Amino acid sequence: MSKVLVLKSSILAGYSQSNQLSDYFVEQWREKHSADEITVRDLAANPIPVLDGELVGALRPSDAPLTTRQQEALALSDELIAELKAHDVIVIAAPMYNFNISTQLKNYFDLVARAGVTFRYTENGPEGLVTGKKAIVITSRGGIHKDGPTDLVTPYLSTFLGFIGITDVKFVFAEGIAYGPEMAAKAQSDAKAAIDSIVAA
C-alpha cells in the first residue's frame, strides 16, 4: 500500500496544464490503486514564504530565541518535511517559467532542504536523508526544450531531488503548449500516455 503526495506549483489555477495532468494522475492512481492514500498540496493556492535573511536562521539548529515569523517558518518547514517523508510516491508538477521552476515550487524546496534533516554531510560527501521515494515530475513548457541546452529545469530537478535522497525520478513532459490549442492537446495526450505507463508499472 502506497501514500502518494502531489505538489502543484503552477500560477495558472484551473487553466494550468500541469495541474490538469496532476489531476489525471490522481484519478488514474485512485482507479488502479484504490487503497492508496493521496495527499495534494497546492503551493500556489497555499504559498510557502520566500527564504530571506530572517527565515534562513529559523532553519538552523540553534538554542537562540526565534522571532514569531521565524517560529512560524520553522513550524511550516517541519510540516513540509514530515509530509514529504511520510509519503512513498512524490508527484511534482513543475512548469518552466523564464527557464526556471516556478517560485512557488522553489520556496518549497528552500524550506525542505535542511542540513541534518533532509541531507547530511558524511566523511565521504553529502548523503540524502529522504529515502525510499519514487518521484514523478510533470513538467509543462510553452516551447520545445526537451534534451536541449535550454532545458535547465530537468537537470536542476534531478540534481536537487538527488541531493536530498530522491534518486528514482521519472519525467513526464508536456511541451509546445504555446504553439496553440492543437499542440497543447497533443502535449496533454502524450503526457497522459506517459502517466498511464507509470500507473501501470
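Numbers for residues come from their place in the sequence shown, where the first is 1.
**Message:** Per the record, averaged over C-alpha atoms, which has the higher B-factor: 32 to 40 or 164 to 172?
**Reply:** The stretch with the larger mean CA B-factor is 32 to 40.
**Request:** Tell me which of 153 to 161 and 52 to 60 has the higher mean C-alpha B-factor in the deposited entry.
**Result:** For C-alpha atoms only, the mean B-factor is higher in 52 to 60.
**Request:** In terms of CA temperature factor as recorded, identify the highest of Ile11, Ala185, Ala193, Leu21.
**Result:** Answer, based on the entry's C-alpha B-factors: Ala193.
**Request:** Just say lowest, middle or highest third for the CA B-factor of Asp110 relative to the other modelled residues in its chain.
**Result:** According to the entry, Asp110 has a C-alpha B-factor in the chain's lowest third.
**Message:** Can you tell me whether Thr118 has a C-alpha B-factor in the lowest, middle or highest third compared with the other modelled residues of the same chain?
**Reply:** Middle third of the chain for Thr118's C-alpha B-factor.
**Request:** Check where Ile138 lands among this chain's C-alpha B-factors and tell me if it's the lowest, middle or highest third.
**Result:** Lowest third of the chain for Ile138's C-alpha B-factor.
**Asked** Split the chain's modelled residues into thirds by Cα B-factor; is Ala82 in the lowest, middle or highest one?
**Response** Middle third by C-alpha B-factor.
**Request:** State the tercile, meaning the lowest, middle or highest third, of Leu7 with respect to the CA B-factors recorded for its chain.
**Result:** Lowest third - that is where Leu7 ends up once the chain's C-alpha B-factors are sorted.
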